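Peer 1: Just dropping this structure here.
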There are 2 protein chains.
Amino acid sequence: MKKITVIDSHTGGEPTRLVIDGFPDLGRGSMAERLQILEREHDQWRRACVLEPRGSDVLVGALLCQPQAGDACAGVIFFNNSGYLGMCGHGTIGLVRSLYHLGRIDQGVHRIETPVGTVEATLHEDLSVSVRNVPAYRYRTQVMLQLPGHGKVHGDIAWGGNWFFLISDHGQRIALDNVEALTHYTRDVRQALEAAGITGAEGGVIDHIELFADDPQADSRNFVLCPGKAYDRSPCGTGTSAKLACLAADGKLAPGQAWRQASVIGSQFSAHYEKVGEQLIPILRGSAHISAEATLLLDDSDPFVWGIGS
Amino acid sequence: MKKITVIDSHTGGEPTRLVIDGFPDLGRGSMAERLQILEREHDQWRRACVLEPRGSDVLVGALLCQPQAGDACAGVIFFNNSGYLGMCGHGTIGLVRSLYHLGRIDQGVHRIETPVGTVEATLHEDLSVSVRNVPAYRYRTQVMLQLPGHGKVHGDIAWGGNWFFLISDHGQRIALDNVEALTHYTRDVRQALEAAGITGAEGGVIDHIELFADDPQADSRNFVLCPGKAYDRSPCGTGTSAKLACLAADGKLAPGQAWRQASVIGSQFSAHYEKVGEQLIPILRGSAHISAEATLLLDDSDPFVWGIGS
Ligand SMILES: O=C(O)[C@@H]1C[C@@H](O)CN1
Ligand SMILES: O=C(O)[C@@H]1C[C@@H](O)CN1
Ligand code: NA
Ligand code: NA
């Protein structure tokens, strides 16, 4: 009956469902203001779009919006199985590659509005996309955490467009064949954070957990638990952004130096940061590929028209 | 680049991806013969169609085929994240509802060829579908199984279009909020069957495990572990077929008597059986709803064009 028109893509294995038509009107405010309206009045639509049966727990959605600023090519709101994101590095790369597929933009530099500020994406001749993210920073370093299964760990708390807890001394094996244990470990970590009342700046909920390890073919490999407990198949743009701020603050990466980040499934991003005054600006480069052109159909007779689950 | 045209639907929450164009030609043999060719020569296409990133571990695929018999409206081969199915009740309901969506059939009686025999589907005025399945039977009864860490259990081995092990005395709580434990439990059951060399007839691999429990609004509620370790969101057509055979053999359900089966997520099928000779014929009725019209796009520059995973 009701139709939602989408372009599905993935960035290093992590899917983006770009909604290009069919969602409710959210007005003409900022992306942040539109997010509030989307969540308050139309959250069932998020659930229809990305939850089973028409989506999956893994899926991240991106609502295409007309931006406020005249020099912006687009605005976007990102969401997942549990709620709403801030920025989304993999999804921005997906958005830009999808706009190109639609013939709406060409190669070159594009400004994209998001609920956490405007980012600048460059669509290259090889169709990869560089994202100049919002500023990233470390809020707290080596925060101690007691994990009943494993004992103490230390993690950094940092902002890369979403809030992250970053751990290196976890002692877990990071590989696709181990995502079940990795998922349980990171869930135990988030539980420990909540118990100890640990947050980011201004009580920011730390809803992403990332583990880092050495890799024979990159600078690092990671595992990232997302807010709704799915893992990120990509190297995580905002998560890697947070990582750059931590490396920089520890004296381990200077402006302009390349950092290659592999994901739990082996996909890679390249990144570096620039300094503009006091601010650290992460720049991520990766590729998205188109997965499908789809029209979701919302049957009013379907008991699960607005999604399965709690 | 390459395109696969599909109709996505779901039956009681269990998704079916009906491929209506784009797969390789499999010749003009029986559905069983075409299955052999699909698997040996083109298994990468199953993977692109149903695995991440373009699919999901939950997804069951159905390749629409031209049938051999002039009185048949269609042939089908069903597949999932691990390999190939025999019959598929939820998928047959999805197929028939999808054919109606495409305007290719109207209400009435339709014969569908599958790798395990021809089934008869009736599309009703309310758009629900009754499936007269292939004959079902119980092979062995109350087979004792030792479960390390759980206890010992007893199960029936029965054929309902696929091979099932059916357990009542498992002591597990069947509900959507417990699928993690239920998945681990049923995985342990399959491991135990393999350890003991327990099979169906002619060494048939028992690749579906189902647990049954009482339900305040149905005759029973089940949890079904499918061959690739995902659970069936639906009451499971072939699994419920096998259940009818066991109930009949135990003197607990007579021909023509209704049996209401609820799934782990609360969706329901009604079923009964008829007798033709020694043969027990399961008849399942349920509804599918269309989820999406999609064109999957297979980019040759995509490293995961043929799917992620082992
Ligand atoms: O690439 C990113 O930034 C996002 C964050 C995750 O929630 C999903 N991937
Ligand atoms: O309904 C059925 O018969 C099938 C069996 C499972 O593999 C998936 N659903
Ligand atoms: Na390395
Ligand atoms: Na009951």
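We name chains A, B, ... following the order of the structure tokens; residues begin at 1 in each chain, and ligands are numbered from 1 as shown.
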Enumerate as a ChimeraX atom specification the residues belonging to chain A that approach chain B to within 9 Å, with only C-alpha atoms taken into account.
Peer 2: /A:3-4,8-10,12-15,52-56,58,176-177,265,267,288-299,301-305,308-310
Peer 1: Can you provide chain B as a compact mmCIF listing (two decimals) with C-alpha atoms, in the first residue's frame, superposed onto chain A by least squares across all C-alpha atoms matched in order?
Peer 2:
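As a result, out_3.txt now contains:
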```
# COMPACT_ATOMS: atom_id res chain seq x y z
CA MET B 1 -0.11 -0.05 0.21
CA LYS B 2 2.21 2.78 1.38
CA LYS B 3 5.56 2.93 -0.44
CA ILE B 4 9.05 3.79 0.76
CA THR B 5 11.56 4.21 -2.08
CA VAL B 6 15.15 3.36 -1.11
CA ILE B 7 18.65 2.82 -2.42
CA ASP B 8 20.38 0.06 -0.47
CA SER B 9 24.16 0.13 -0.44
CA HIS B 10 26.98 -1.06 1.77
CA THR B 11 30.28 0.39 2.86
CA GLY B 12 32.90 -2.26 3.52
CA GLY B 13 30.00 -4.62 4.21
CA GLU B 14 28.02 -2.35 6.52
CA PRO B 15 24.64 -1.64 4.92
CA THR B 16 22.91 1.72 4.44
CA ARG B 17 19.25 2.08 3.48
CA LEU B 18 18.90 5.56 1.98
CA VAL B 19 15.25 6.62 2.03
CA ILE B 20 14.67 8.91 -0.95
CA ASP B 21 10.88 9.13 -0.73
CA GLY B 22 7.93 8.03 1.36
CA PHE B 23 8.67 9.13 4.94
CA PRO B 24 6.49 11.76 6.64
CA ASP B 25 7.37 15.44 6.21
CA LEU B 26 9.50 16.77 9.07
CA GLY B 27 9.28 20.50 8.37
CA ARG B 28 12.12 22.80 7.32
CA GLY B 29 14.16 23.02 10.52
CA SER B 30 17.74 21.89 11.10
CA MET B 31 18.55 18.20 10.80
CA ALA B 32 18.67 18.10 14.60
CA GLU B 33 15.18 19.62 14.78
CA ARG B 34 13.83 17.21 12.16
CA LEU B 35 15.36 14.30 14.07
CA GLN B 36 13.39 15.35 17.17
CA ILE B 37 10.18 15.35 15.12
CA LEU B 38 10.94 12.04 13.38
CA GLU B 39 11.54 10.31 16.71
CA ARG B 40 8.60 11.78 18.65
CA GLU B 41 5.92 11.65 15.96
CA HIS B 42 7.08 9.02 13.46
CA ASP B 43 9.32 6.47 15.19
CA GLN B 44 7.11 3.70 13.80
CA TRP B 45 8.47 4.63 10.37
CA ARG B 46 12.07 4.02 11.47
CA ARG B 47 10.93 0.63 12.71
CA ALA B 48 9.15 -0.30 9.46
CA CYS B 49 12.19 0.80 7.47
CA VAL B 50 14.98 -1.01 9.33
CA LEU B 51 13.59 -3.74 11.64
CA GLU B 52 12.55 -7.23 10.56
CA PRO B 53 10.79 -8.25 8.43
CA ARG B 54 11.48 -5.53 5.84
CA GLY B 55 14.90 -4.77 7.29
CA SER B 56 17.45 -6.43 9.58
CA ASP B 57 18.98 -5.79 13.03
CA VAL B 58 22.25 -4.95 11.21
CA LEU B 59 20.75 -2.22 9.02
CA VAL B 60 21.47 1.48 9.37
CA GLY B 61 18.96 3.81 7.75
CA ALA B 62 19.50 7.28 6.31
CA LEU B 63 16.65 9.67 5.57
CA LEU B 64 17.52 11.97 2.68
CA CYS B 65 16.43 15.54 3.49
CA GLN B 66 16.37 18.91 1.80
CA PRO B 67 19.07 20.89 3.61
CA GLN B 68 18.72 24.39 5.07
CA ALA B 69 21.86 25.81 3.46
CA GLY B 70 21.90 26.69 -0.24
CA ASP B 71 25.50 25.51 -0.54
CA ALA B 72 24.64 22.02 0.75
CA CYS B 73 23.65 19.18 -1.59
CA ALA B 74 21.71 17.23 1.04
CA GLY B 75 20.75 16.73 4.66
CA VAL B 76 20.52 13.36 6.39
CA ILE B 77 19.26 11.74 9.60
CA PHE B 78 20.75 8.33 10.48
CA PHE B 79 19.03 5.59 12.48
CA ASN B 80 19.40 1.94 13.46
CA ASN B 81 17.47 -0.89 15.12
CA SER B 82 17.40 0.87 18.49
CA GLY B 83 17.11 4.59 17.75
CA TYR B 84 19.01 7.49 16.22
CA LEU B 85 22.64 8.20 15.42
CA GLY B 86 24.59 11.46 15.32
CA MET B 87 26.99 11.26 12.42
CA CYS B 88 27.61 8.07 10.46
CA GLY B 89 30.76 7.71 8.37
CA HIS B 90 29.88 4.49 6.55
CA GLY B 91 26.41 5.93 5.98
CA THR B 92 27.70 9.23 4.59
CA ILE B 93 29.85 7.33 2.13
CA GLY B 94 26.81 5.25 1.18
CA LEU B 95 24.67 8.35 0.84
CA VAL B 96 27.13 10.08 -1.51
CA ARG B 97 27.69 6.99 -3.66
CA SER B 98 23.90 6.55 -3.85
CA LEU B 99 23.32 10.16 -4.91
CA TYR B 100 25.82 9.54 -7.71
CA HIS B 101 23.98 6.34 -8.69
CA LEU B 102 20.75 8.35 -8.93
CA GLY B 103 22.50 10.92 -11.13
CA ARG B 104 21.87 13.70 -8.61
CA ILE B 105 25.52 14.66 -8.10
CA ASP B 106 28.77 14.24 -9.97
CA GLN B 107 32.35 13.88 -8.74
CA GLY B 108 33.46 16.77 -6.58
CA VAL B 109 33.09 18.35 -3.17
CA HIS B 110 29.72 18.16 -1.39
CA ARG B 111 28.49 19.50 1.94
CA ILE B 112 26.09 17.30 3.89
CA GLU B 113 23.98 18.52 6.83
CA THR B 114 23.57 16.14 9.78
CA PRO B 115 22.11 16.39 13.30
CA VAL B 116 25.61 17.04 14.69
CA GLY B 117 26.88 19.51 12.10
CA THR B 118 27.74 19.85 8.44
CA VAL B 119 30.35 17.46 6.96
CA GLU B 120 32.21 17.72 3.66
CA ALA B 121 32.35 14.73 1.31
CA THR B 122 34.53 14.42 -1.75
CA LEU B 123 33.44 11.94 -4.40
CA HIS B 124 36.66 10.93 -6.15
CA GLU B 125 37.24 9.79 -9.73
CA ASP B 126 37.49 6.18 -8.50
CA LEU B 127 34.09 6.67 -6.80
CA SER B 128 35.54 6.34 -3.30
CA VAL B 129 34.48 9.02 -0.83
CA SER B 130 36.50 11.14 1.57
CA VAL B 131 34.50 12.45 4.51
CA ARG B 132 35.75 15.46 6.41
CA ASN B 133 33.92 14.75 9.67
CA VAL B 134 32.83 16.94 12.59
CA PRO B 135 35.59 17.66 15.10
CA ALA B 136 36.65 14.74 17.31
CA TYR B 137 38.15 14.74 20.81
CA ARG B 138 39.04 12.58 23.78
CA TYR B 139 37.02 13.24 26.93
CA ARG B 140 38.62 10.90 29.47
CA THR B 141 41.60 8.57 29.25
CA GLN B 142 42.41 5.13 30.65
CA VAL B 143 39.18 4.81 32.58
CA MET B 144 39.42 1.63 34.65
CA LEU B 145 36.58 -0.86 34.26
CA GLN B 146 35.95 -4.07 36.21
CA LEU B 147 34.60 -6.92 34.06
CA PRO B 148 33.12 -9.79 36.11
CA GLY B 149 34.12 -13.04 34.40
CA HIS B 150 36.76 -11.33 32.26
CA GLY B 151 39.14 -9.22 34.36
CA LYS B 152 39.69 -5.47 34.45
CA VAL B 153 40.28 -3.20 31.47
CA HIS B 154 41.06 0.40 30.61
CA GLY B 155 39.40 2.50 27.93
CA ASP B 156 39.22 6.02 26.51
CA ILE B 157 35.99 7.96 26.20
CA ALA B 158 35.94 9.91 22.94
CA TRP B 159 33.57 11.69 20.56
CA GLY B 160 33.81 11.08 16.84
CA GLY B 161 30.28 11.98 15.80
CA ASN B 162 28.91 9.48 18.29
CA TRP B 163 30.19 8.56 21.78
CA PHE B 164 32.68 5.68 22.03
CA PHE B 165 34.52 3.67 24.66
CA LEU B 166 37.79 2.45 23.11
CA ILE B 167 39.68 -0.55 24.55
CA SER B 168 43.06 -2.10 23.62
CA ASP B 169 43.74 -4.35 26.66
CA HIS B 170 40.68 -6.59 26.26
CA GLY B 171 42.55 -9.77 25.37
CA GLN B 172 39.94 -10.84 22.81
CA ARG B 173 40.58 -12.33 19.37
CA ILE B 174 39.23 -9.99 16.70
CA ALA B 175 37.92 -12.01 13.73
CA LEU B 176 34.61 -12.64 11.97
CA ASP B 177 34.46 -16.20 13.30
CA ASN B 178 34.45 -14.84 16.86
CA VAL B 179 31.74 -12.15 16.67
CA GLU B 180 29.53 -14.11 19.08
CA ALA B 181 32.06 -13.85 21.91
CA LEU B 182 33.00 -10.29 20.92
CA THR B 183 29.34 -9.26 21.05
CA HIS B 184 28.95 -10.75 24.52
CA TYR B 185 32.20 -9.15 25.67
CA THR B 186 31.30 -5.66 24.44
CA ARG B 187 27.79 -6.06 25.86
CA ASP B 188 29.42 -6.77 29.23
CA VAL B 189 31.54 -3.64 28.81
CA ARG B 190 28.50 -1.43 28.22
CA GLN B 191 26.73 -3.01 31.20
CA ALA B 192 29.80 -2.17 33.32
CA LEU B 193 29.87 1.44 32.13
CA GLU B 194 26.18 1.88 32.99
CA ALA B 195 26.69 0.29 36.41
CA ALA B 196 29.45 2.77 37.26
CA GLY B 197 27.54 5.76 35.86
CA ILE B 198 30.26 6.44 33.31
CA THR B 199 29.29 8.86 30.52
CA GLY B 200 30.69 11.19 27.90
CA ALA B 201 30.52 14.99 28.20
CA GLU B 202 27.27 16.38 29.60
CA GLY B 203 26.11 12.88 30.54
CA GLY B 204 26.32 11.69 26.95
CA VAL B 205 25.38 8.03 26.77
CA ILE B 206 28.30 5.94 25.61
CA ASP B 207 26.41 3.74 23.20
CA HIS B 208 29.22 2.41 20.98
CA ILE B 209 31.98 0.13 22.30
CA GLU B 210 35.11 -0.54 20.23
CA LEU B 211 37.95 -3.00 20.70
CA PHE B 212 41.22 -2.55 18.80
CA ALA B 213 43.98 -5.03 17.94
CA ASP B 214 47.09 -5.30 15.77
CA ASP B 215 46.67 -6.48 12.18
CA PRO B 216 49.26 -7.91 9.79
CA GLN B 217 47.90 -5.78 6.89
CA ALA B 218 46.62 -2.61 8.57
CA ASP B 219 47.59 -0.36 11.48
CA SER B 220 44.77 -1.90 13.47
CA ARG B 221 41.69 -4.11 13.31
CA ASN B 222 38.55 -3.29 15.32
CA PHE B 223 35.27 -4.73 16.54
CA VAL B 224 32.50 -2.21 17.17
CA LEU B 225 29.28 -2.82 19.08
CA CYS B 226 26.59 -0.40 17.88
CA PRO B 227 23.77 0.98 20.06
CA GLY B 228 21.25 -1.74 19.16
CA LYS B 229 23.80 -4.49 19.87
CA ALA B 230 24.61 -5.27 16.24
CA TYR B 231 28.23 -4.96 15.15
CA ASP B 232 29.57 -2.60 12.49
CA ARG B 233 30.73 -4.59 9.47
CA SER B 234 32.85 -1.56 8.44
CA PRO B 235 35.92 -0.05 10.17
CA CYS B 236 33.38 2.47 11.54
CA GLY B 237 33.84 6.06 10.42
CA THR B 238 32.87 7.78 13.63
CA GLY B 239 34.66 5.16 15.71
CA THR B 240 37.85 5.56 13.72
CA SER B 241 37.42 9.36 14.08
CA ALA B 242 37.36 8.93 17.85
CA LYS B 243 40.40 6.64 17.55
CA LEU B 244 42.40 9.34 15.72
CA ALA B 245 41.64 11.77 18.54
CA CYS B 246 43.00 9.32 21.12
CA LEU B 247 46.12 8.49 19.10
CA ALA B 248 46.78 12.22 18.65
CA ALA B 249 46.37 12.96 22.34
CA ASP B 250 48.73 10.10 23.24
CA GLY B 251 51.43 11.45 20.90
CA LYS B 252 51.11 8.53 18.47
CA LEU B 253 49.73 10.16 15.30
CA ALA B 254 50.49 13.59 13.91
CA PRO B 255 48.39 15.73 11.53
CA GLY B 256 48.28 14.44 7.97
CA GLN B 257 49.68 11.02 8.82
CA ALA B 258 47.86 8.02 7.36
CA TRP B 259 46.10 5.47 9.56
CA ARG B 260 44.74 2.28 8.01
CA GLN B 261 41.86 0.75 9.97
CA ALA B 262 40.58 -2.76 9.24
CA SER B 263 37.13 -3.97 10.32
CA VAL B 264 36.20 -7.28 11.91
CA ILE B 265 35.37 -8.64 8.44
CA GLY B 266 38.54 -7.32 6.80
CA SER B 267 37.24 -4.27 4.95
CA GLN B 268 39.40 -1.13 5.30
CA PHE B 269 39.22 2.66 5.65
CA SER B 270 42.20 4.99 5.37
CA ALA B 271 42.10 8.05 7.59
CA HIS B 272 44.08 11.04 8.78
CA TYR B 273 43.36 14.23 10.71
CA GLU B 274 43.98 17.92 10.22
CA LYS B 275 44.25 20.64 12.85
CA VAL B 276 42.22 23.84 12.69
CA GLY B 277 42.86 25.77 15.88
CA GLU B 278 42.38 23.55 18.91
CA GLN B 279 40.15 21.43 16.70
CA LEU B 280 41.02 18.00 15.36
CA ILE B 281 39.31 17.20 12.06
CA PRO B 282 39.02 13.55 11.10
CA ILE B 283 39.06 12.68 7.41
CA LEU B 284 37.94 9.18 6.39
CA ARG B 285 38.13 7.61 2.97
CA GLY B 286 36.33 4.46 1.86
CA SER B 287 34.09 3.05 -0.84
CA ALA B 288 30.44 2.03 -0.95
CA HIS B 289 28.77 -0.21 -3.51
CA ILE B 290 25.12 -0.23 -4.51
CA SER B 291 23.23 -3.31 -3.24
CA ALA B 292 19.69 -2.81 -4.50
CA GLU B 293 17.04 -0.45 -5.78
CA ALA B 294 13.93 -1.21 -3.73
CA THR B 295 10.43 -0.05 -2.98
CA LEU B 296 9.33 -1.15 0.49
CA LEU B 297 5.58 -1.82 0.59
CA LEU B 298 3.63 -1.27 3.82
CA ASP B 299 0.46 -3.38 3.78
CA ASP B 300 -2.09 -2.23 6.38
CA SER B 301 -3.27 -5.84 6.81
CA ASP B 302 0.27 -6.95 7.76
CA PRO B 303 0.49 -7.47 11.54
CA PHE B 304 4.20 -6.60 11.36
CA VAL B 305 3.76 -3.58 9.09
CA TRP B 306 5.57 -1.43 11.70
CA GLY B 307 8.18 -4.09 12.44
CA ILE B 308 8.76 -7.07 14.70
CA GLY B 309 10.19 -6.96 18.19
CA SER B 310 10.08 -5.04 21.43
```
Peer 1: So which residues of segment 165-260 of chain A fall under strand (DSSP E or B) by DSSP, listed as a list in words?
Peer 2: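 Selection result, strand (DSSP E or B) within segment 165-260 of chain A: residues 165, 166, 167, 208, 209, 210, 211, 212, 213, 220, 221, 222, 223, 224, 225, 231, 259 and 260 of chain A.
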Peer 1: Write out, as an mmCIF file, in the first residue's frame, the residues just selected, with C-alpha atoms.
Peer 2:
```cif
data_model
loop_
_atom_site.group_PDB
_atom_site.id
_atom_site.type_symbol
_atom_site.label_atom_id
_atom_site.label_comp_id
_atom_site.auth_asym_id
_atom_site.auth_seq_id
_atom_site.Cartn_x
_atom_site.Cartn_y
_atom_site.Cartn_z
ATOM 1 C CA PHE A 165 34.503 3.622 24.652
ATOM 2 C CA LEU A 166 37.793 2.447 23.131
ATOM 3 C CA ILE A 167 39.725 -0.533 24.527
ATOM 4 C CA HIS A 208 29.234 2.418 20.983
ATOM 5 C CA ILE A 209 31.951 0.069 22.240
ATOM 6 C CA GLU A 210 35.093 -0.521 20.187
ATOM 7 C CA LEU A 211 37.926 -2.985 20.690
ATOM 8 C CA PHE A 212 41.240 -2.588 18.867
ATOM 9 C CA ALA A 213 44.005 -5.072 18.032
ATOM 10 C CA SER A 220 44.780 -1.865 13.464
ATOM 11 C CA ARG A 221 41.712 -4.089 13.257
ATOM 12 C CA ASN A 222 38.554 -3.319 15.279
ATOM 13 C CA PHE A 223 35.254 -4.710 16.534
ATOM 14 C CA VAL A 224 32.447 -2.219 17.163
ATOM 15 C CA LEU A 225 29.237 -2.895 19.059
ATOM 16 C CA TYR A 231 28.213 -5.020 15.113
ATOM 17 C CA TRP A 259 46.129 5.435 9.541
ATOM 18 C CA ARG A 260 44.730 2.263 7.946
#
```
